[PDB]
Structures are given as C-alpha cells and as structure tokens.
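Structural characterization, general
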Amino acid sequence: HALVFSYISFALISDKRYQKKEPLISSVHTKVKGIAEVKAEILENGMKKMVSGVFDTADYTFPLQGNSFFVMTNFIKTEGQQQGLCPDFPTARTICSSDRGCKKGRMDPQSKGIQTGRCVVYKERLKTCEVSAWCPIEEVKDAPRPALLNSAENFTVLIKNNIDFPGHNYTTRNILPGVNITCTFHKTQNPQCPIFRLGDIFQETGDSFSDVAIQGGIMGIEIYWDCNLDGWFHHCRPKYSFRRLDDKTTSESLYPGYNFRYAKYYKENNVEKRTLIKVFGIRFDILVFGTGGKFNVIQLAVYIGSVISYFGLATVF
Amino acid sequence: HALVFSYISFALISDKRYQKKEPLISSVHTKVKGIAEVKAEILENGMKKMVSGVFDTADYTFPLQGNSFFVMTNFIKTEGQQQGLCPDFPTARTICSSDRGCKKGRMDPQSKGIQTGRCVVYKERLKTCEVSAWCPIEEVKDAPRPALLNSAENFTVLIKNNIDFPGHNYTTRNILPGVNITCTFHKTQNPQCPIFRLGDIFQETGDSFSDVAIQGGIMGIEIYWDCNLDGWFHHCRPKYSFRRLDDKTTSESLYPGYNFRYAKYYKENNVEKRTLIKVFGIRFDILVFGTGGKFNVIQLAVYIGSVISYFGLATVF
Amino acid sequence: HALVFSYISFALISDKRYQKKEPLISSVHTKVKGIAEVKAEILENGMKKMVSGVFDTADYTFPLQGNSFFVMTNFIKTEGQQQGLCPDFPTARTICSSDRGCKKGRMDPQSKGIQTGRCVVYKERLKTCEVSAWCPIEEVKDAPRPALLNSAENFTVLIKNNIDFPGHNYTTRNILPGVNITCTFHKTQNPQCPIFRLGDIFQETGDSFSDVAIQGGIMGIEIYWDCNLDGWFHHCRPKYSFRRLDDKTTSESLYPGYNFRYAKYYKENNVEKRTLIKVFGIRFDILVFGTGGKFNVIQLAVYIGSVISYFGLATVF
Ligand SMILES: Cc1ccc(CN2CCNCC2)cc1NC(=O)CNc1ccc(F)c(F)c1
Ligand SMILES: Cc1ccc(CN2CCNCC2)cc1NC(=O)CNc1ccc(F)c(F)c1
Ligand SMILES: Cc1ccc(CN2CCNCC2)cc1NC(=O)CNc1ccc(F)c(F)c1
Ligand SMILES: *[C@@H]1O[C@H](CO)[C@@H](O)[C@H](O)[C@H]1NC(C)=O
Ligand SMILES: *[C@@H]1O[C@H](CO)[C@@H](O)[C@H](O)[C@H]1NC(C)=O
Ligand SMILES: *[C@@H]1O[C@H](CO)[C@@H](O)[C@H](O)[C@H]1NC(C)=O
Ligand SMILES: *[C@@H]1O[C@H](CO)[C@@H](O)[C@H](O)[C@H]1NC(C)=O
Ligand SMILES: *[C@@H]1O[C@H](CO)[C@@H](O)[C@H](O)[C@H]1NC(C)=O
Ligand SMILES: *[C@@H]1O[C@H](CO)[C@@H](O)[C@H](O)[C@H]1NC(C)=O
Ligand SMILES: *[C@@H]1O[C@H](CO)[C@@H](O)[C@H](O)[C@H]1NC(C)=O
Ligand SMILES: *[C@@H]1O[C@H](CO)[C@@H](O)[C@H](O)[C@H]1NC(C)=O
Ligand SMILES: *[C@@H]1O[C@H](CO)[C@@H](O)[C@H](O)[C@H]1NC(C)=O
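What counts as what
Residues numbered from 1 in each chain as written, not as in the entry; some residues may be left out. Chains lettered and ligands numbered in written order. Heavy atoms only, no water. Residues with missing side-chain atoms left out of burial classes, pairs and counts. UniProt positions renumbered as here; feature names shortened; annotations may be inferred. Helix = DSSP H or I, 4+ residues; strand = E, 2+ residues; numbered from the N terminus. Contact = heavy atoms within 4.5 Å. Polar contact = N/O pair within 3.5 Å; in protein donor to acceptor, adjacent residues only side chain to side chain. Nonpolar A, V, L, I, M, F, W, Y, C, P; charged D, E, K, R; others polar. Least-squares fit on C-alpha atoms. Disulfide = S-S within 2.5 Å. Domains from an automatic or database assignment. Axes fitted to C-alpha atoms, helices over the stretch in contact; angles between N-to-C directions. Parallel < 35°, antiparallel > 145°, perpendicular 65-115°, else oblique. Left-handed = near helix turned anticlockwise from the far one by under 90°. Expected span 1.5 Å × (residues − 1). Salt bridge = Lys/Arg side-chain N within 4 Å of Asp/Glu carboxyl O.

Per the deposition metadata, X-ray crystallography was the technique used to determine this entry, at a resolution of 3.3000 Å.

What the PDB entry is called, per its title line, is "Crystal structure of the ATP-gated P2X7 ion channel bound to allosteric antagonist GW791343". UniProt annotates chain A under Subcellular location (unreviewed entry) with the comment "Cell membrane".

Here it is as structure tokens:
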C-alpha cells in the first residue's frame, strides 16, 4: 500500500505530471562558410572539356527558406538551348527504325519535348524520334564521377535558433552570450557548439559525404529541447542529432537523390537562347522540436483525482 | 453498473487512452513532370503578338521550399523597362485634366512610380500623371483569356514524405519498397499511389483547373497519419485529401489569385534595362499532420484512477 | 466541502477541460506594396559614386517561401568579378610583409579565395596575400550609413491566413467577408485589420526600423488563435503580436544582422564575368499558432473521474 504511494508519487515526479507542457516555437537562421576549388575533366557531347574555377557562397548556395538550406555539390550543364526541332537523345524509348515508330504530337515522361512524328538521325546511322523543344536536348548522362564540389564536407554551417513558449512567456535562443564561438560541434567535445561541419554530419549518421554528393541527398539536423520551466529543477538547452531523410531508393523510377533543373536565358544574334543547368547537392532540413514544462495546479489536482481512487482500490486489495 | 464497466472499458479501447500519442515530424520532397506547348495570341500595347514555345521544368517551376511548390500557369510580360520619367498607365486614379491634378512627389498604391506633379499625354488626347519609375509602366491589363500554360492539369507531381516519431523512435516514409510506381492516385483505385495529377486534384476539391489557372490560386494537399505504434493492432499509412486554401475573394482590393512580379536585368547600348514579368500560377501547399500512439502504463493508470471513482459513484446511483 | 465543489466545477469551466483541443493548421499568403526612391552617394573602391533609381516590388522582394518573406533594405554591389588571381583585400589577417607570410593553397574563413602563397601589393606599399578567386575581391566595407531603401518603414504587408482544424472539421480564414480593407492595423484602433506597416511593426516591438535596416534583421509576426468550437460560447479570431527574433548579438564572429551574397553572371569580350551583390534587409517570419476546443464527453468523464475521488477525500478532511 505504501509502496503504491511511493510508486504513484514517483510516477508523478518522473513523468512531471505536476507540470504543464507547451509546444515550442522555432525560428532558424543559417550562415554557410567555405569555398571550393574545382578542377575536373568532363565529357560533354562526346568531347573532353575542362571545368576550372573557384566557388564561393553565391556560386553554390542561397539563403535558407522554410527552415532548410541547400548546398550544391555537383552539376551538369547544357548550354545554347533554343526553341526548335531536334532529334531526342537516343534512349531505349526514343529510338525509331522508321518514321512509323514516332507518333506526331506524342509526349513522353523521359522526353523534354513533343514529338513531330518523324524519325531522324541523332548521330551516324542511329535514329531517334524528332521532337520540338529546347535544342539540343540535354544528354541522358550520369553526374561527374567525382563530385565537382566534393570539398563541401569541409564546409561549415552556423545555426542560430530562437525558440519561444508563448503560454509560459519564455523566450530563449540556441546561442547564449559569451560562448566561445571558435569551435566545431562534436558529439562529446562541443555538443553545444552551433558550428557544424557537413562531413561530420554525414559521418554521424553513418553515410559517406562524397557518395551522396555525387547524386544529391537530403540530410536532416534535429534540435531537441527538453525545457523545464520550474525554478526548482530548471533546464532548457538543445540536443543536436543527425538523421538522413533521403529515401536512398536507388531506382530510376523514384527519381533518387536531390537534383533540379534551372535555366539562364540570354539573347545572341537576335535569337532567344537558354542555358539549362542540372543541379545536384545535399539539402539540409533543420527540424526543431521542443516541450516546455511549468508547474500547474489544475493538472496536479487532476492527477491527484486519479490517485485518490487508485489508493482506495489499493487498500481494497 | 456492469454496463458502466463495459462503457468505460470500451471508451478506453475506442479512444485508445491506454496509448500515448506523439506529434509527427514531416519532411517533404517533390518532383514535377510534364511539359506544355504554348501557342497563343496576346495583345501587347495595343498590337497583336504571338507567344509560341515549349515549356519544360526549368521554364515553369522551381524546387520546393518550405513544404510547398509552385507551378506557373499564365504570365504577362513587359519588356525593355528602364529608369526614367513616363506617364502612368491611364486608370481612374492616374488621369489628369491639367497639371493641377498631379501632385509632385505623390505615390499611389496602384502606381509603380513617384509622380513628378506634371500632367502629360499617355496616348492621343488622354492625359495621365507623369511618374518616375521603370518605363514604360506595365499595362493594367487582364491575364490571357486562356491560360497560356493551360496544359498544367496534365502535369504530374510525385511526393516523397518522410515522417519520424522521436519519442517512440519510429521512422517511416510515404513510399514503401516494391510498390508499383506506375500509377496515378485515385480516391479509390490507388489511394496510396504518390503520383498525383493536378487536374485530378482540382476536380477532387470541386474546382475547375483552367479557371484558377487564368489568375492563379493556392491548392492544398493534406496527408493524414493515424499511426498506431502497438504491436497488437498496428497501422501507419497516409491518407491523402485535397482542400482549396485560396481565399477566392474575387475583389480587386484583396489582391485575388496567386501572382507575383519578378524582373530580369540586362544592359543594351550602355543603358541599364529590365524585363518585368507578372507570373500567375497555382501554388501547392503540402500539409502533413500525424499522431503516433504506443501503449503507456502511466496514462492507463491515470485513466484507471478516474475510472475507480466513476465506479464507486455508479454503485451509489 | 461545497466550496470545493464550486472550485472544482469552476476549475473545469475555466480550464475548459470539458472541451477537447486540437492543434491548428496554418497557410500563409502575403502581398507587399510600396516603392522606394533611392538617391545616395556611396564610396566604391575609394571613389565617390551615385546610386539613383526607383525600386518597386520586383527590385526589392520576392514571394513568400515557407511562411516568411524578406524585404531588402540596403545593399553593397561589387561588379565585374571574373575568375583570376588577385591580392586579397587588406585586413588584419590578409597582410603580408614578405612572400613567407602567405601559405600556398591556404584558405581563410574571412577570405573568399585560395592563397597562391605569394605576397603582392594591393595598393601603394601595402601588401596582401595573393589569392585565386572572383576578382577583384569585394571590399571589407560597412553598409551604407543611411539604408538606401530606408523608405521600407512606409511599406505595407497584407497577410491572408487560412487555418483548418481537421479533427473538428472547421476551416476559417484571417480575413472575413465584408471587412473594410482600407485600414492600417493598430494595436487598438484596427486589431483585426491585416494590413500592416513595417515601421509600425518595429515600433510595437520597440526597435528603430532604420537601424535594423542598415545591417538587416529578422522580425516576427505572431498570430494567435484562441478558438472555441462550442456553440454556447463561440469565438475564433486572430490576435496579432510582434516579436524581434533577430539575435542582435553585435559581434563580428556571430555574423550579425541579416545579409546574403548573390551573383549575376554575364559574358563580356568572350570572358565570363559576375556581379556579386551583398544584400541586407529585414526578413519577416510569420508564426501562426492556435488551439481549437469543442466539447468532448470522454474528457469530461475523465475529469469527473478525478473529481469524484477528490470529493471523497474532501469529505474525509
Ligand atoms: C552552377 C555554376 C556553374 C559554374 C560556375 C563557374 N563557372 C563559371 C565561371 N567560370 C568558372 C566556372 C558557377 C556556378 N554557380 C552559379 O551559377 C550560381 N547559381 C546557383 C545555382 C544553383 C544553386 F543551388 C545555387 F545556390 C546557386
Ligand atoms: C516566364 C517565361 C516566359 C517565356 C518563356 C519562353 N519564351 C521565351 C523563349 N521562346 C519561347 C517563349 C519562358 C519563361 N520561363 C522562364 O523565364 C523561367 N523562369 C521562371 C519564372 C517564374 C516561375 F515561377 C518559375 F518557376 C520559373
Ligand atoms: C539589387 C539591386 C540594385 C540596384 C537596382 C537598380 N539599379 C539598377 C538600375 N538603375 C537603378 C539602380 C535594383 C536592384 N534590385 C534587383 O536586382 C532585384 N533582385 C533582388 C535582389 C535581392 C532581393 F532580396 C530581391 F528580393 C530581389
Ligand atoms: C578537406 O580538408 C582536409 C584538410 O585540409 C583535406 O585533407 C581534404 O582533402 C579536404 N577535402 C577535400 C574534398 O578536398
Ligand atoms: C513576459 O515576462 C516579462 C518579464 O519581465 C514581462 O515583462 C512581460 O510583460 C511578459 N509578457 C506578457 C505578454 O505579459
Ligand atoms: C576559444 O577556444 C580556442 C581553442 O578551443 C582558443 O584558442 C580561444 O582563445 C578561445 N576563445 C576565447 C574567447 O576564450
Ligand atoms: C490533357 O491531355 C488530354 C489527353 O491527352 C488532352 O485531351 C487534353 O487536351 C490535355 N489538356 C490540355 C489543356 O491540352
Ligand atoms: C531506435 O530503435 C533502433 C532499433 O534497432 C535502435 O537500434 C536505435 O538505437 C534506437 N534509437 C535510439 C536513439 O536508441
Ligand atoms: C504496374 O502496373 C501496371 C498497370 O497498372 C503494369 O502495366 C505494370 O507492369 C506494373 N508493374 C509491375 C512492376 O508490376
Ligand atoms: C514615410 O512617409 C512619411 C509621410 O509621407 C515621410 O514623412 C517619411 O519621410 C517617409 N519615410 C522615409 C524613410 O522617407
Ligand atoms: C465537414 O462539415 C461539412 C458541413 O456541411 C460537411 O459537409 C462535410 O462533409 C464535413 N467533412 C467531412 C470530412 O465529413
Ligand atoms: C473604410 O473606412 C474608410 C475610413 O476608415 C472610409 O473612408 C471608407 O469609405 C470605408 N469603406 C467602406 C466600404 O465602408
């Protein structure tokens, strides 16, 4: 009976049911640092070409939108596209022996254009279905074998997180005043340090940064707040963890990795032209969750209300 | 009395109050497919002009930011704007009979410029208030009567959703391994299929895609997770539903539809110039909510605590 | 004993524990209005230059992404950058007396390039470490002393918020039909008016708009919904409040304010070139939280269950 008292009172103190919990409010602001020197040889349209240059912040990233930031790690670039009629790139689905294999007006999911219904030669005696689109069509090619921006492991993301509890009227931030900002977060050595290294993040979740960097991925940074708003035992600091949100399907149908197509439009010799750029990289999604607990009398009285009956019943035995 | 027992125990099992519920964590990744052939005749500056071309992914959409993606469906384009002094476009608010109707330095919400205080002729004998801005001012014109990108119904959005329950340590994803990816979601035939057709989405919520596509809108895709983390009766799959978030006010003051203005800057003959583009389209907002429930002894003991007293009182009658 | 009855029943009615509460679903759509005339004298590369022009929506803002919109308020612009070898900008960390102070291949966090290991003259007899990057390197300079877009206080943000409660199946919006849209929100005079003035927002939270506008900041607009879904006492309207999320650290290490670097790429004389633009401004983060309460019998029965025992114990005294 008395042990039932100590187990009830303990279950209260341990589950903090005397306290009232409120969901956290998060605001995220990120600043990425690091530059990458890129020298690589890429085969474009069957001809060897040299990609050289230095990439800084403006070249490979943009500001965080919606509690997430992206870092480009690789890219394929098709230049000089213009509105016109060209043979689709030779694939299992685009190759015609005769004009009959091509259907006029047909649109294919793999194709970036609308067929004209006429079989044409893409190169040599190989024939594909002529299409109307931005010409020439981007090659169905693989990403560069070493990620051009493979240096992105050494890049550094600084995270500033502000969390508010309205009902308890308690506002705090990720970074406290006076903390030594010159640190790299470590699971043990500097768990509070907001400075993060991307490669470190990938190792923590057990993934190689380079591999993901070749085709792209979606990493995830979790910030946990177990915040206790009582003056007796008070605590409210974040706990950083890392999880890979990327599906890692590795199936052509599921469109694996993270990549997107964006174009830059220009005019030349009184002709509208466009440079298509396939972009591969790791999107980092910041997930901040929390709970704020401050003692509430009504909740304690309701638990008391369950406990009184629990006690009578324990006495009955 | 005994029926009070079966109704209490039933109310427990039915409300699952033996279980503890935890809020879901959602990450969203989307890939849009489809291309649109656009041939239309648009009246620009009182002269007929022909808009022709093929639009692919890079031409009409950009990657999802903040659990939402946008698809352009129509656009008005004003080209060659440069810093200068020009008469405002003739409206009810911009027309002056004399230099006195124009106030120097005045800014109007409808106007894109600052008045110079001088009445000038916009065309013929019609006079408007001269303003300082990007010239010439975009016409106060309606969107193209058929949406140029009216084909966007036939476009296809693939959604990959990853949800995590930290406190229960349970991570799952929208798309399971081995599922037939070649499907279009149907309310009955393929409710689990993540492939979605935009026109289907509009029909489900009872709106015509074309109409919204002319002036823009905000559609909403709801993903519900009623996830039960007990091994006895286990279940954790999404339920897709569609709701129109757009306000549909249809009042000039409320700025109805979804549209925005963005510009491309270029130089010509040593003069800075800019192409303003009004963009209309449907923004799709993905809303994922969920609840994960796994049996908890303390919660069951608290409900027990309410129930014991409820029982004594039922015996009193 | 009876006062314990009135205090229990009161605690119920006051905490509404008869009701069941459900978390709110928010969708945000914003439209910004206002234009700014910018005339200012900026010292660029040690030479005086004149910035003049009119800025409209497309020039200083872009559409909301992830329940947040940004308004540029100031900017520094470095033009003509091209891939090459140039001396880093003279700072405490970049200045070399001899070729020995520079380490070949070294990358510094303050530097935007990779050192070649050779000491060179930046200007006159002052020597910095030669680096490989976009040349010339942007000056380590302060933002313009008056914010070029200092007029942004007078700018107007219109907010349309749609909130849904799925479990209660109740959908409502921020803006009701027939409301006088011609208003500016006031703490007292027009608390429901969704039209907001940015300067008003800064005064409400007790910050000067101009100061923040010089170096950038992150403002926050909170929308509270205390929604009661019972027909007896029904209410469901928003309560707007303003909080400054910006950390206001004012330390060079913490990267204070809100700013980002973005570039525009062009070709000249068969040379790839780039215009780097440092952008300063206030990001406004919209935070919508809410709770919907509709009477639930099971919850009332559980509270009853605590209360019956509470009553027996009160009788024991
Ligand atoms: C994509 C790219 C390719 C080549 C080069 C340098 N070249 C050209 C000059 N000479 C050296 C070699 C720079 C860039 N970077 C950009 O264009 C910036 N745009 C951007 C694209 C996607 C993003 F995700 C993002 F954040 C920002
Ligand atoms: C807006 C536009 C107008 C005309 C054309 C083709 N023209 C020009 C060549 N000849 C054929 C006719 C293409 C585009 N598309 C873009 O500029 C891409 N930019 C963009 C704009 C808003 C978006 F929402 C978005 F996702 C991406
Ligand atoms: C940055 C800037 C500098 C100067 C001028 C006008 N100049 C040039 C013509 N003559 C007058 C003086 C316009 C703009 N605005 C843009 O380039 C628009 N891009 C943009 C940049 C950041 C943003 F946050 C955003 F929302 C949009
Ligand atoms: C990252 O830095 C280390 C140490 O400077 C270097 O050894 C490594 O090669 C760098 N990573 C890449 C991809 O170059
Ligand atoms: C929150 O607490 C502070 C403590 O100083 C107080 O000044 C402030 O008024 C409180 N907030 C509200 C909304 O009352
Ligand atoms: C921060 O720590 C580093 C080494 O971890 C040290 O070199 C530096 O002086 C410290 N800064 C301060 C302000 O204590
Ligand atoms: C969508 O596809 C169907 C079938 O191919 C076609 O009949 C319809 O016209 C298409 N929609 C538009 C807007 O062209
Ligand atoms: C979550 O469960 C898995 C089950 O294998 C376990 O390996 C993992 O360590 C658990 N997570 C934590 C944080 O303990
Ligand atoms: C998927 O279903 C389609 C028809 O609905 C069928 O043609 C196709 O072969 C199926 N794929 C697999 C792998 O079963
Ligand atoms: C905002 O408008 C007021 C009234 O027109 C004006 O006095 C003030 O100077 C304006 N703000 C700026 C920064 O010009
Ligand atoms: C929500 O309530 C309305 C009331 O008219 C009803 O028509 C609708 O079917 C309800 N929603 C669901 C999912 O039943
Ligand atoms: C709205 O209020 C303003 C003044 O606050 C008034 O001038 C205007 O006529 C009102 N509009 C309507 C429709 O009542």
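There's more to say after this.
A few words on the overall build of chain A. Regarding its fold elements, chain A presents five helices and 15 strands. Counting only C-alpha atoms, chain A reaches 95 × 50 × 35 Å along its principal axes. For chain A, the proportion of contacts with a sequence separation of at least 24, taken over those separated by at least 6, is 68%.

Residues and elements named next belong to chain B. Along the chain, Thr61 falls in the loop between α2 (57-60) and β5 (68-87). Only 2.6 Å separates the side chain of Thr61 from the backbone oxygen of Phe70, close enough to count as a polar contact. For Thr61, the residues in contact, after removing those within four places along its chain, are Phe70 and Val71.

Accessible area lost during the coming together of the parts is what is often quoted as the interface size. Contacts between chain A and chain B engage 41 residues on the former and 32 residues on the latter. For the side of chain A that touches chain B, the elements supplying multiple residues, two or more each, are α1 (2-15), β5 (68-87), β8 (126-135), β12 (217-228), β14 (259-268), β15 (271-295) and α5 (297-316) of chain A. If you tally residues by element for the side of chain A that touches chain B, the top one is β15(A), at six residues. Looking at the side of chain A that touches chain B residue by residue, the classes come out as 19 nonpolar, eleven polar and eleven charged.

At an RMSD of 0.0 Å, chain A and chain B line up after a rotation of 120° and a shift of 0.0 Å along the axis. What the superposition gives is, in effect, a three-fold axis relating one chain to the other. Residues of chain A ranked by C-alpha distance from the rotation axis are headed by A:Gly66, positioned 2.2 Å from it. Of all interface residues in chain A, a mere 12% are interface residues in chain B too; the two copies therefore contact each other through different surfaces.

To continue, consider the UniProt feature "binding site: ATP" (unreviewed entry) in chain A. Residues and elements named next belong to chain A. In the numbering adopted here, UniProt assigns the feature "binding site: ATP" (unreviewed entry) to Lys31, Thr156 and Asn259. Counting through the fold element by element, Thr156 comes out in strand β9 (residues 156-165). Not counting residues up to four positions away in its chain, the partners in contact with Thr156 are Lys31, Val32, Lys33, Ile195 and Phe196. Inspection of the secondary structure assignment puts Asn259 in strand β14. Those residues in contact with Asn259 that sit more than four places away from it in its chain are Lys278, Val279 and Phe280.

Moving on, we get to the relation of the copies chain B and chain C. For the pair chain B and chain C, the best superposition has an RMSD of 0.0 Å and corresponds to a rotation of 120° with a translation of 0.0 Å parallel to the axis. Each copy contacts the other with its own distinct surface, as only 12% of the interface residues of chain B are interface residues in chain C too.

Attention shifts here to the state of the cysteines. A sulfur-sulfur separation of 2.0 Å characterises the disulfide bridge that pairs A:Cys183 with A:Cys193. An S-S torsion of about 95° defines the bridge between A:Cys183 and A:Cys193 as right-handed. On the criterion of sequence distance, the pair formed by A:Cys183 in the loop between β10 (170-173) and β11 (195-197) and A:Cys193 in the loop between β10 and β11 is long-range, its members being ten residues apart. Across a sulfur-sulfur distance of 2.0 Å, C:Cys227 and C:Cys236 are joined as a disulfide pair. Sign of the S-S torsion, about 80° for the bond between C:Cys227 and C:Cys236, identifies this disulfide as right-handed. If one numbers only the bonded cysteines of chain A, in the order they occur, the disulfide pattern is 1-6, 2-4, 3-5, 7-8, 9-10.

Here the focus is the domain arrangement of chain A. All names here are of chain A. Taken domain by domain, chain A comprises domain 1 (1-19 + 295-317) and domain 2 (20-294). Inter-centroid distance (C-alpha atoms) of domain 1 to domain 2 is 51 Å. Taken together, the contact pairs four residues of domain 1 with six residues of domain 2. Partitioned by chemical class, the residues of the side of domain 1 that touches domain 2 number two nonpolar, two polar and no charged.

On the side of chain C, 32 residues touch chain B, which itself brings 41 residues to the contact. Contributing elements (two or more residues each) for the side of chain B that touches chain C: α1 (2-15), β5, β8 (126-135), β12 (217-228), β14 (259-268), β15 (271-295) and α5 (297-316) of chain B. Among the elements that take part in the side of chain B that touches chain C, β15(B) stands out by supplying six residues, more than any other. Of the residues belonging to the side of chain B that touches chain C, the class tally is 19 nonpolar, eleven polar and eleven charged.

Any two packed helices are characterised by how steeply their axes cross, that is the angle between the axes, and by the distance between the axes. Residues and elements named next belong to chain C. The contact between helix α1 (residues 2-15) and helix α5 (residues 297-316) brings their axes to 11 Å, and the two run at 160°. Here α1 is positioned roughly antiparallel relative to α5, judged by the angle of their axes. Our pair here, α1 against α5, has a crossing hand that is right-handed. Residues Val4, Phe5, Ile8, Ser9, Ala11 and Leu12 of α1 pack against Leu300, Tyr303, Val307, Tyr310, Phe311 and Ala314 of α5.

Attention now moves to unusual backbone geometry. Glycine aside, residues mostly have negative phi angles, and peptide bonds mostly take the trans form. That bond from B:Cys135 to B:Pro136 is cis: its omega, -5°, falls within 30 degrees of zero. Tracing the sequence through the fold places B:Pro136 in the loop between β8 and β9 (156-165). In the Ramachandran plot, B:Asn270 falls in the positive-phi region, its phi being about 60° despite a non-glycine side chain. Turning to its location among the elements, B:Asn270 is positioned in the loop between β14 and β15. Backbone geometry places C:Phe317, a non-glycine residue, at a positive phi of 55°.

What follows concerns α1(C). Over its 14 residues, α1(C) extends 20 Å from the first C-alpha to the last, a length consistent with the 20 Å expected when each residue adds 1.5 Å. Count one or two residues on from α1(C) and you reach C:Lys16, which has phi positive near 55°.

Below, the discussion takes up the pattern of salt bridges. Note that side chains of opposite charge can pair when their charged atoms are close. The partner of B:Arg243 in a salt bridge is B:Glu222, with the nearest N and O atoms 3.0 Å apart. On the criterion of sequence distance, the pair formed by B:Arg243 in strand β13 (residues 238-244) and B:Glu222 in strand β12 is long-range, its members being 21 residues apart. A salt bridge links B:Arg283 to B:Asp285; the nearest nitrogen and oxygen atoms lie 3.0 Å apart. Members of the salt-bridge network, linked through shared partners, are A:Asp56, A:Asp59, C:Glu138, C:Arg261, C:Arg274 and C:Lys278.

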